[PDB]
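Chemist: Data: final.pdb, PDB, N, CA and C atoms.
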```pdb
ATOM      1  N   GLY A   1       2.129 116.402-170.940  1.00  0.00           N
ATOM      2  CA  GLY A   1       1.615 117.723-170.534  1.00  0.00           C
ATOM      3  C   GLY A   1       0.160 117.871-170.957  1.00  0.00           C
ATOM      4  N   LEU A   2      -0.591 118.763-170.294  1.00  0.00           N
ATOM      5  CA  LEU A   2      -2.050 118.899-170.422  1.00  0.00           C
ATOM      6  C   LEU A   2      -2.548 119.120-171.856  1.00  0.00           C
ATOM      7  N   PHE A   3      -1.692 119.625-172.748  1.00  0.00           N
ATOM      8  CA  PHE A   3      -1.970 119.815-174.166  1.00  0.00           C
ATOM      9  C   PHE A   3      -2.453 118.519-174.799  1.00  0.00           C
ATOM     10  N   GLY A   4      -1.756 117.447-174.438  1.00  0.00           N
ATOM     11  CA  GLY A   4      -2.033 116.081-174.865  1.00  0.00           C
ATOM     12  C   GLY A   4      -3.419 115.565-174.459  1.00  0.00           C
ATOM     13  N   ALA A   5      -4.122 116.232-173.531  1.00  0.00           N
ATOM     14  CA  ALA A   5      -5.505 115.901-173.183  1.00  0.00           C
ATOM     15  C   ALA A   5      -6.529 116.671-174.033  1.00  0.00           C
ATOM     16  N   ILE A   6      -6.108 117.750-174.703  1.00  0.00           N
ATOM     17  CA  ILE A   6      -6.928 118.606-175.549  1.00  0.00           C
ATOM     18  C   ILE A   6      -6.459 118.546-176.991  1.00  0.00           C
ATOM     19  N   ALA A   7      -5.573 119.467-177.378  1.00  0.00           N
ATOM     20  CA  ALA A   7      -5.134 119.816-178.718  1.00  0.00           C
ATOM     21  C   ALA A   7      -6.159 119.467-179.803  1.00  0.00           C
ATOM     22  N   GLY A   8      -6.145 118.237-180.333  1.00  0.00           N
ATOM     23  CA  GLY A   8      -7.121 117.706-181.278  1.00  0.00           C
ATOM     24  C   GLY A   8      -8.592 117.964-180.921  1.00  0.00           C
ATOM     25  N   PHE A   9      -8.976 118.065-179.636  1.00  0.00           N
ATOM     26  CA  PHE A   9     -10.348 118.417-179.248  1.00  0.00           C
ATOM     27  C   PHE A   9     -10.737 119.858-179.613  1.00  0.00           C
ATOM     28  N   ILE A  10      -9.758 120.726-179.875  1.00  0.00           N
ATOM     29  CA  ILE A  10      -9.913 122.150-180.171  1.00  0.00           C
ATOM     30  C   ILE A  10      -9.530 122.363-181.633  1.00  0.00           C
ATOM     31  N   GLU A  11      -8.408 121.765-182.032  1.00  0.00           N
ATOM     32  CA  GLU A  11      -7.823 121.862-183.367  1.00  0.00           C
ATOM     33  C   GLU A  11      -8.716 121.212-184.434  1.00  0.00           C
ATOM     34  N   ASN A  12      -9.657 120.348-184.029  1.00  0.00           N
ATOM     35  CA  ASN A  12     -10.734 119.852-184.881  1.00  0.00           C
ATOM     36  C   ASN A  12     -11.984 119.606-184.035  1.00  0.00           C
ATOM     37  N   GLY A  13     -11.856 118.721-183.042  1.00  0.00           N
ATOM     38  CA  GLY A  13     -12.968 118.138-182.300  1.00  0.00           C
ATOM     39  C   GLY A  13     -12.758 116.649-182.008  1.00  0.00           C
ATOM     40  N   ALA A  14     -11.496 116.208-181.889  1.00  0.00           N
ATOM     41  CA  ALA A  14     -11.054 114.817-181.853  1.00  0.00           C
ATOM     42  C   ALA A  14     -11.577 114.024-183.055  1.00  0.00           C
ATOM     43  N   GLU A  15     -11.078 114.382-184.239  1.00  0.00           N
ATOM     44  CA  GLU A  15     -11.175 113.531-185.417  1.00  0.00           C
ATOM     45  C   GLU A  15     -10.618 112.133-185.105  1.00  0.00           C
ATOM     46  N   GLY A  16     -11.226 111.112-185.705  1.00  0.00           N
ATOM     47  CA  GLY A  16     -10.949 109.703-185.483  1.00  0.00           C
ATOM     48  C   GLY A  16     -11.852 109.141-184.396  1.00  0.00           C
ATOM     49  N   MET A  17     -12.166 109.949-183.381  1.00  0.00           N
ATOM     50  CA  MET A  17     -13.091 109.618-182.326  1.00  0.00           C
ATOM     51  C   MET A  17     -14.524 109.596-182.852  1.00  0.00           C
ATOM     52  N   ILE A  18     -14.809 110.483-183.809  1.00  0.00           N
ATOM     53  CA  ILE A  18     -16.049 110.479-184.580  1.00  0.00           C
ATOM     54  C   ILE A  18     -15.975 109.292-185.552  1.00  0.00           C
ATOM     55  N   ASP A  19     -14.912 109.271-186.358  1.00  0.00           N
ATOM     56  CA  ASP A  19     -14.812 108.535-187.614  1.00  0.00           C
ATOM     57  C   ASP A  19     -14.570 107.033-187.415  1.00  0.00           C
ATOM     58  N   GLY A  20     -14.092 106.621-186.236  1.00  0.00           N
ATOM     59  CA  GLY A  20     -13.618 105.274-185.930  1.00  0.00           C
ATOM     60  C   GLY A  20     -14.718 104.223-185.752  1.00  0.00           C
TER
END
```
Let me see the structure of the file written as structure tokens.
Modeler:
Amino acid sequence: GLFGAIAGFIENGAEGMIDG
């Protein structure tokens, strides 16, 4: 479901995508 395309992008900002 579409949540899986966002959630972390709002709930932090896609942590791990920065940090990786």
Chemist: What are the DSSP alpha helix (DSSP H) residues of chain A, as a VMD selection string?
Modeler: chain A and resid 8 to 11
Chemist: Build an axis-aligned box that encloses every atom of region 2-19 of chain A listed in the file, pad it by 5 Å on each side, and report its centre and edge lengths in Å to one decimal, as lines of an AutoDock Vina configuration file.
Modeler:
```
center_x = -8.3
center_y = 114.7
center_z = -179.0
size_x = 25.5
size_y = 25.3
size_z = 27.3
```
Chemist: Kindly give the distance, in Å, that separates atom C of residue 6 (chain A) and CA of residue 19 (chain A), rounded to a single decimal.
Modeler: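 Pair atom C of residue 6 (chain A) / CA of residue 19 (chain A) returns 16.8 Å.
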Chemist: Starting from the incomplete input, reconstruct N, CA, C and O atoms of chain A and report them as a PDB file, in the coordinates of the input.
Modeler:
```pdb
ATOM      1  N   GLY A   1       2.129 116.402-170.940  1.00  0.00           N
ATOM      2  CA  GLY A   1       1.615 117.723-170.534  1.00  0.00           C
ATOM      3  C   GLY A   1       0.160 117.871-170.957  1.00  0.00           C
ATOM      4  O   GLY A   1      -0.261 117.182-171.884  1.00  0.00           O
ATOM      5  N   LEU A   2      -0.591 118.763-170.294  1.00  0.00           N
ATOM      6  CA  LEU A   2      -2.050 118.899-170.422  1.00  0.00           C
ATOM      7  C   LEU A   2      -2.548 119.120-171.856  1.00  0.00           C
ATOM      8  O   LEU A   2      -3.682 118.768-172.165  1.00  0.00           O
ATOM      9  N   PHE A   3      -1.692 119.625-172.748  1.00  0.00           N
ATOM     10  CA  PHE A   3      -1.970 119.815-174.166  1.00  0.00           C
ATOM     11  C   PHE A   3      -2.453 118.519-174.799  1.00  0.00           C
ATOM     12  O   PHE A   3      -3.432 118.485-175.536  1.00  0.00           O
ATOM     13  N   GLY A   4      -1.756 117.447-174.438  1.00  0.00           N
ATOM     14  CA  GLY A   4      -2.033 116.081-174.865  1.00  0.00           C
ATOM     15  C   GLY A   4      -3.419 115.565-174.459  1.00  0.00           C
ATOM     16  O   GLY A   4      -3.850 114.552-175.005  1.00  0.00           O
ATOM     17  N   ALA A   5      -4.122 116.232-173.531  1.00  0.00           N
ATOM     18  CA  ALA A   5      -5.505 115.901-173.183  1.00  0.00           C
ATOM     19  C   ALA A   5      -6.529 116.671-174.033  1.00  0.00           C
ATOM     20  O   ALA A   5      -7.696 116.286-174.068  1.00  0.00           O
ATOM     21  N   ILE A   6      -6.108 117.750-174.703  1.00  0.00           N
ATOM     22  CA  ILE A   6      -6.928 118.606-175.549  1.00  0.00           C
ATOM     23  C   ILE A   6      -6.459 118.546-176.991  1.00  0.00           C
ATOM     24  O   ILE A   6      -6.941 117.689-177.724  1.00  0.00           O
ATOM     25  N   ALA A   7      -5.573 119.467-177.378  1.00  0.00           N
ATOM     26  CA  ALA A   7      -5.134 119.816-178.718  1.00  0.00           C
ATOM     27  C   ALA A   7      -6.159 119.467-179.803  1.00  0.00           C
ATOM     28  O   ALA A   7      -7.014 120.301-180.096  1.00  0.00           O
ATOM     29  N   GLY A   8      -6.145 118.237-180.333  1.00  0.00           N
ATOM     30  CA  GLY A   8      -7.121 117.706-181.278  1.00  0.00           C
ATOM     31  C   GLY A   8      -8.592 117.964-180.921  1.00  0.00           C
ATOM     32  O   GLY A   8      -9.401 118.094-181.844  1.00  0.00           O
ATOM     33  N   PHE A   9      -8.976 118.065-179.636  1.00  0.00           N
ATOM     34  CA  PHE A   9     -10.348 118.417-179.248  1.00  0.00           C
ATOM     35  C   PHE A   9     -10.737 119.858-179.613  1.00  0.00           C
ATOM     36  O   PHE A   9     -11.924 120.172-179.645  1.00  0.00           O
ATOM     37  N   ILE A  10      -9.758 120.726-179.875  1.00  0.00           N
ATOM     38  CA  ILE A  10      -9.913 122.150-180.171  1.00  0.00           C
ATOM     39  C   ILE A  10      -9.530 122.363-181.633  1.00  0.00           C
ATOM     40  O   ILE A  10     -10.233 123.042-182.375  1.00  0.00           O
ATOM     41  N   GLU A  11      -8.408 121.765-182.032  1.00  0.00           N
ATOM     42  CA  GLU A  11      -7.823 121.862-183.367  1.00  0.00           C
ATOM     43  C   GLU A  11      -8.716 121.212-184.434  1.00  0.00           C
ATOM     44  O   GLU A  11      -8.573 121.528-185.614  1.00  0.00           O
ATOM     45  N   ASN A  12      -9.657 120.348-184.029  1.00  0.00           N
ATOM     46  CA  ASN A  12     -10.734 119.852-184.881  1.00  0.00           C
ATOM     47  C   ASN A  12     -11.984 119.606-184.035  1.00  0.00           C
ATOM     48  O   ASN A  12     -13.032 120.206-184.264  1.00  0.00           O
ATOM     49  N   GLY A  13     -11.856 118.721-183.042  1.00  0.00           N
ATOM     50  CA  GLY A  13     -12.968 118.138-182.300  1.00  0.00           C
ATOM     51  C   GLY A  13     -12.758 116.649-182.008  1.00  0.00           C
ATOM     52  O   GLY A  13     -13.734 115.914-181.912  1.00  0.00           O
ATOM     53  N   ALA A  14     -11.496 116.208-181.889  1.00  0.00           N
ATOM     54  CA  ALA A  14     -11.054 114.817-181.853  1.00  0.00           C
ATOM     55  C   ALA A  14     -11.577 114.024-183.055  1.00  0.00           C
ATOM     56  O   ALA A  14     -12.357 113.079-182.929  1.00  0.00           O
ATOM     57  N   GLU A  15     -11.078 114.382-184.239  1.00  0.00           N
ATOM     58  CA  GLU A  15     -11.175 113.531-185.417  1.00  0.00           C
ATOM     59  C   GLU A  15     -10.618 112.133-185.105  1.00  0.00           C
ATOM     60  O   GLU A  15      -9.697 111.969-184.302  1.00  0.00           O
ATOM     61  N   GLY A  16     -11.226 111.112-185.705  1.00  0.00           N
ATOM     62  CA  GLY A  16     -10.949 109.703-185.483  1.00  0.00           C
ATOM     63  C   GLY A  16     -11.852 109.141-184.396  1.00  0.00           C
ATOM     64  O   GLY A  16     -12.307 108.006-184.499  1.00  0.00           O
ATOM     65  N   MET A  17     -12.166 109.949-183.381  1.00  0.00           N
ATOM     66  CA  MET A  17     -13.091 109.618-182.326  1.00  0.00           C
ATOM     67  C   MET A  17     -14.524 109.596-182.852  1.00  0.00           C
ATOM     68  O   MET A  17     -15.336 108.791-182.404  1.00  0.00           O
ATOM     69  N   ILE A  18     -14.809 110.483-183.809  1.00  0.00           N
ATOM     70  CA  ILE A  18     -16.049 110.479-184.580  1.00  0.00           C
ATOM     71  C   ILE A  18     -15.975 109.292-185.552  1.00  0.00           C
ATOM     72  O   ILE A  18     -16.870 108.453-185.597  1.00  0.00           O
ATOM     73  N   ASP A  19     -14.912 109.271-186.358  1.00  0.00           N
ATOM     74  CA  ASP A  19     -14.812 108.535-187.614  1.00  0.00           C
ATOM     75  C   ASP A  19     -14.570 107.033-187.415  1.00  0.00           C
ATOM     76  O   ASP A  19     -14.816 106.246-188.326  1.00  0.00           O
ATOM     77  N   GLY A  20     -14.092 106.621-186.236  1.00  0.00           N
ATOM     78  CA  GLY A  20     -13.618 105.274-185.930  1.00  0.00           C
ATOM     79  C   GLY A  20     -14.718 104.223-185.752  1.00  0.00           C
ATOM     80  O   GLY A  20     -14.526 103.286-184.979  1.00  0.00           O
TER      81      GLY A  20
END
```
